[PDB]
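>
There are 2 protein chains.
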Amino acid sequence: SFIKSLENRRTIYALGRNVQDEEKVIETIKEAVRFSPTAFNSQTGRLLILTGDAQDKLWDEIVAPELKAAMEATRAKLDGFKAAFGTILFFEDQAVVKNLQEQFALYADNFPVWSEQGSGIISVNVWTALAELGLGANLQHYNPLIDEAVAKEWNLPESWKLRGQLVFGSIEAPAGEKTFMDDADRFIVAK
Amino acid sequence: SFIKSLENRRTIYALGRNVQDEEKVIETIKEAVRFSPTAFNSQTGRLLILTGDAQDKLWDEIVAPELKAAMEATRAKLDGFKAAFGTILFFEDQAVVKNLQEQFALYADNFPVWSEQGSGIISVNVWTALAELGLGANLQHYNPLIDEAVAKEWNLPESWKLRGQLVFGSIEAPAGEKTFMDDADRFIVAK
Ligand SMILES: Cc1cc2nc3c(=O)[nH]c(=O)nc-3n(C[C@H](O)[C@H](O)[C@H](O)COP(=O)(O)O)c2cc1C
Ligand SMILES: Cc1cc2nc3c(=O)[nH]c(=O)nc-3n(C[C@H](O)[C@H](O)[C@H](O)COP(=O)(O)O)c2cc1C
Ligand SMILES: O=C(O)c1cccnc1
Ligand SMILES: O=C(O)c1cccnc1
Numbered sequence: 001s002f003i004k005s006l007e008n009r010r011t012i013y014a015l016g017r018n019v020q021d022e023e024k025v026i027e028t029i030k031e032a033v034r035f036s037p038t039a040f041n042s043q044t045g046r047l048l049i050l051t052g053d054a055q056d057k058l059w060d061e062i063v064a065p066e067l068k069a070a071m072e073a074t075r076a077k078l079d080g081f082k083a084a085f086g087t088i089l090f091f092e093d094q095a096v097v098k099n100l101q102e103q104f105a106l107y108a109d110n111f112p113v114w115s116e117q118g119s120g121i122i123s124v125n126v127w128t129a130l131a132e133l134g135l136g137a138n139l140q141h142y143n144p145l146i147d148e149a150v151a152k153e154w155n156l157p158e159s160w161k162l163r164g165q166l167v168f169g170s171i172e173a174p175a176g177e178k179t180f181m182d183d184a185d186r187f188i189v190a191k
Numbered sequence: 192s193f194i195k196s197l198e199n200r201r202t203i204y205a206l207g208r209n210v211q212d213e214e215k216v217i218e219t220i221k222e223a224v225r226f227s228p229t230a231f232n233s234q235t236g237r238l239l240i241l242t243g244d245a246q247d248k249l250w251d252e253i254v255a256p257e258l259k260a261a262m263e264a265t266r267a268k269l270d271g272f273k274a275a276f277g278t279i280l281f282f283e284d285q286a287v288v289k290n291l292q293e294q295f296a297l298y299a300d301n302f303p304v305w306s307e308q309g310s311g312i313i314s315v316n317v318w319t320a321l322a323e324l325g326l327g328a329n330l331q332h333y334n335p336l337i338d339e340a341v342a343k344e345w346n347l348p349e350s351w352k353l354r355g356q357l358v359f360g361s362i363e364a365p366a367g368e369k370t371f372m373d374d375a376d377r378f379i380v381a382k
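Protein sequences, first through last, are from chains A and B. Take 1 as the starting number for the first sequence in our numbering and just add one per residue. Take 192 as the starting number for the second sequence in our numbering and just add one per residue.
1. Would the segment 211-224 of chain B count as touching the segment 40-53 of chain A if we require 3 or more Cβ pairs under 8 Å?
2. Taking any Cβ of chain B, which residues in the segment 52-72 of chain A have a Cβ under 8 Å from it, in chain order?
3. Does ligand 1 have even one heavy atom less than 6 Å from the beta-carbon of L330 of chain B?
4. Ends of the beta strand (DSSP E) at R354 of chain B?
5. Check each residue's C-beta against every heavy atom of ligand 4 and list, in chain order, those closer than 5 Å.
6. Using the beta-carbon of each residue, which ones in chain A are nearer than 9 Å to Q331 of chain B?
7. List the residues of chain B that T74 of chain A touches, going by C-beta distances under 7 Å, in chain order.
8. Look up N329 of chain B in the DSSP assignment and say whether it is helix, strand or coil.
9. Are the CB atoms of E307 of chain B and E116 of chain A within a distance shorter than 7 Å?
10. Quick one: list the residues of chain B neighbouring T87 of chain A, beta-carbon separation under 8 Å, in chain order.
11. Helix, strand or coil for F187 of chain A, going by three-state DSSP, please let me know.
12. Between the beta-carbon of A223 of chain B and the beta-carbon of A320 of chain B, is there less than 7 Å?
13. Do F359 of chain B and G277 of chain B have their CB atoms nearer than 7 Å?
14. In the DSSP output, what is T51 of chain A paired with across the bridge?
15. Is the Cβ-Cβ distance between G136 of chain A and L15 of chain A less than 7 Å?
16. For ligand 1, is there any heavy atom lying closer than 6 Å to the beta carbon of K273 of chain B?
17. Would the beta-carbon of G355 of chain B fall within 7 Å of that of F281 of chain B?
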């Protein structure tokens with residue numbers, strides 16, 4: 001069921017490269033995003049999908065140095081990210097947001113918020129789709145630190161605002177324990 | 192598959208009250224939220240689930256008047272919402288957000304954003320879960336207009352910030368046509 005699928009999605013930090021079908025994975029990622037809803041069907045999400053050489057480059061040449069060259073003013077956490085099969089960088093196209101604000105100024109204040117919600121939406125739908133394939137993932141946030149260098153290396157338009165980075169790969173160790181709130185404190189039903 | 196489930200979720204405006212098992216529906220809604228990820232497992236989402244009398248009250252006594260008593264300074268759109276089986280109001284608990292900002296001030300700026308993303312996440316997971324049950328839904332945003340009156344009528348804590356309202360019920364007419372972007376304009380793959 002769909003509920004079971006949601007349940008199978010978890011944060012997996014121990015990731016490897018035991019991935020059997022790269023293309024199938026890529027297609028699944030696109031689909032998860034394609035069939036995700038967005039305000040006005042604006043489809044503001046953008047993805048950079050890195051595997052192999054680019055995966056190593058992101059973490060060894062970009063994240064790590066900018067992290068270390070910042071602390072001044074890490075591993076083997078970074079080693080754990082690099083060791084994964086790939087990283088999916090989620091952006092939101094600010095250009096579309098601005099246009100929407102102009103075309104429909106009645107909702108100018110909303111589009112930014114709906115865009116943010118849209119990033120959460122596609123991020124978890126990809127995350128869950130990958131879990132269904134038996135692949136694990138975890139979501140990182142080294143934005144805005146690495147924004148500039150990522151755009152430069154992969155020639156991304158300036159309008160792509162980085163929101164998060166979903167590291168993914170083969171599951172090499174199970175998710176940890178997780179707790180839940182009391183239902184009574186977050187659900188109210190009235191008839 | 193999970194992809195199929197995502198695909199089955201659509202915006203349905205023609206809704207009715209041909210719902211067979213209210214309790215099963217309620218349980219499904221809770222589960223969709225329960226198994227949704229949130230930053231720091233903060234679980235900031237809160238739901239008010241209205242059916243029957245409360246459903247009618249929301250749209251007839253709250254939304255409509257405040258909408259009309261605002262325009263001065265509608266139907267049968269509102270009639271279409273009221274005609275549905277219920278409305279799920281999604282809130283984000285600002286109290287938890289603030290505490291997080293204090294406990295982890297290193298991420299003070301993030302929690303607000305992660306909270307917003309969290310609302311999108313649980314909203315679409317509920318939306319999709321309902322679709323799997325054969326029920327349709329559409330997402331409305333009469334916040335912040337109706338915030339105050341909703342809190343008053345159902346004695347909600349002030350800390351619950353309303354984010355959206357998902358009207359749901361039996362599908363009485365199919366979704367309209369929808370277009371998609373060119374893949375080339377929103378997906379970049381590098382290896
Ligand atoms: C964050 C968000 C906000 C939305 N706001 C509204 C709204 O206020 N009123 C409405 O009727 N639909 C709203 N929509 C529905 C979208 O227009 C719809 O999901 C999109 O056009 C794709 O169509 P689909 O839901 O049938 O897949 C919203 C969707 C999202 C994800
Ligand atoms: C919007 C959002 C932001 C998150 N930020 C991070 C992060 O920066 N680093 C990290 O390791 N996990 C992050 N998480 C993972 C959550 O802590 C995790 O989903 C939550 O504890 C529930 O655990 P689960 O993913 O195994 O279900 C984030 C999750 C969400 C939904
Ligand atoms: O198309 C939408 O998503 C929409 C419709 C009405 C109001 N706000 C957004
Ligand atoms: O637990 C989280 O979600 C988390 C972990 C590290 C950094 N930011 C968030």
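The C-beta atom is built at its ideal place from N, Cα and C for all residues, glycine as well.
Looking at the atomic coordinates:
1. no
2. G52, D53 and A54
3. At a cut-off of 6 Å, the beta-carbon of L330 of chain B counts as near ligand 1: some heavy atom of the ligand is closer than that.
4. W351 to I362
5. B:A230 and B:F231
6. Those do not exist, as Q331 of chain B stays about 12 Å from chain A at its closest Cβ, beyond 9 Å.
7. Chain B residues near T74 of chain A: none, gap ~15 Å exceeds 7 Å.
8. strand
9. Yes, these two residues count as a Cβ contact at 7 Å.
10. Under the 8 Å cutoff, chain B gives no residues; its nearest Cβ is about 10 Å from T87 of chain A.
11. Reduced to three states, the DSSP call for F187 of chain A is strand.
12. yes
13. yes
14. A:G86
15. yes
16. False, no ligand heavy atom lies under 6 Å from that Cβ.
17. yes
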